[PDB]
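For reference, the chain that follows is the form deposited in one PDB entry, supplied as structure tokens.
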């Protein structure tokens, strides 16, 4: 006779009763209290259901940040449906791929800034374009607009018994290979994530969070959109980051938190200097020194532990930053320890647990593990093999029990019989105090496929030779993993997106012979 666990719908139904006059969401001139939000969600759900959307059905969002993203997630959630929050910077080929892959019943799109890509993509789909398209930033009466579609639904709550293990949020992720896959996050995934984040950040109903991170990425949901929603705080939306509008919203909405990277913080600070505008309610998590005393430094566990400075490990498929230095105290390893909804093992290629200090694939079980990728039957079977989710990230356990994240398992060398993970070698070299960064590649060898080569970037105030790098590796890693040679560079090549460009390293330094 026992009932379901809590769903995202239950959260809104509770907030509308417990917090009748509190502001849930702000987006430009739109201000919605909990009951006004839940009413809109019910009307939206009514219209979605009238259009044939039910359990397991799919809605794709192709816009920037909006309060409507939260409405759509809640409304789909009340029907047991799911929303993909798409990457609004997709070019037409990638947008077409995602539309065909996800196969949505409904697409909610944005005109501003992306109408050209959208038009190109619909042209490409041709006779396969059978979804309903609704323009979110339309005139309010536009019959092909979101608001008109929503207004046509009734106030009644659908009141269905939705299983919270159902996917509700789908976020596309890219492998190093460039292959993209939609990670299925359930109600339970999001609630467990949000509950842990509320402990990490000391979040409560007085939190006012600026949704200045992209909602197509897990970061903004974890820190701090979903915990703010869960604890009945106020979510303030900005479409994307424009420093002046951000500053204005921080002040006008009295924000306590925001998702801001250091270059944005510096921009905000420069334009606020000697204006007298009060940013002191903002709890500075990232780059506290950059704020020049204008914000208050965060004293939550998130900041105190170093997690805010990157001391942790996670991925979309673990509902975000699931391992951190805020769990379990001081840590020799760079990532800390798993939080409450997760257990982690480091597994070798044979699926056996690695010894302390031995590098292997980070694998996980627990409430924060995603439900799999959408439409990836073979990949899912492989990646959930033996009842563990395989992250494709390489790590090790330290003697104190903490974890170190080394890099990906998807780069591998094979030198004669020996599999070698460059990430392990890179991390070893990067411990040398003269080294700022190191990239490891494989170069062809006619007798045993590949030799190991390191491309090393020194700190400006340091010097070290090829031989000294090689000897540094001797006591730390297996002999066959050491670089045969070392090239020095001023900096590594990087992609337009800021990631390491291994194709470029391979082209420059004679890389080849990979498995």
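Residue numbers count along the first chain shown, from 1.
There is also a form deposited in another entry; it is not shown, and the following applies to it.
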Rigid-body rotation between this form and the one not shown - hinge position, chosen from 265, 338, 409, 215: 409
Cα-Cα trend for residue 313 and residue 413, given that in the other entry the distance shifts by 3 Å or more: closer
In the other entry, whether the C-alpha atoms of residue 430 and residue 335 sit closer or farther than here (change of 3 Å or more): farther
